[PDB]
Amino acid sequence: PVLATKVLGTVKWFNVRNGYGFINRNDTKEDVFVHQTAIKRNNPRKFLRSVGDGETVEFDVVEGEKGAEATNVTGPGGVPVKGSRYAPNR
């Protein structure tokens, strides 16, 4: 079950070293947790799993253990995310 699909949001922050971040939903203005494994289309020219602070992402919302979370996270229209400056380019 998916609570919401293709939600658009702005990354609040994402910690590359520790592997998680938060996205602010553009529709409800609620922060949602995003795990590194929830990123579906990583920047193919970085080599870590990440989204970058402030970038615009598109995602599904599902029920987590500590609140609703983001999953299937991509750029708008399913394109690769930009990724974090804390994740070096190849």
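In this text, residue numbers run from 1 along the sequence as written.
The records show that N43 is omitted from the coordinate set of at least a third of the other eligible entries of this protein. Between the stretches 62-70 and 21-29, it is 62-70 that shows the larger average CA temperature factor. For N42, the recorded CA temperature factor ranks within the highest third of the chain's modelled residues. Compared with the other modelled residues of the chain, the Cα B-factor recorded for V7 ranks in the lowest third.
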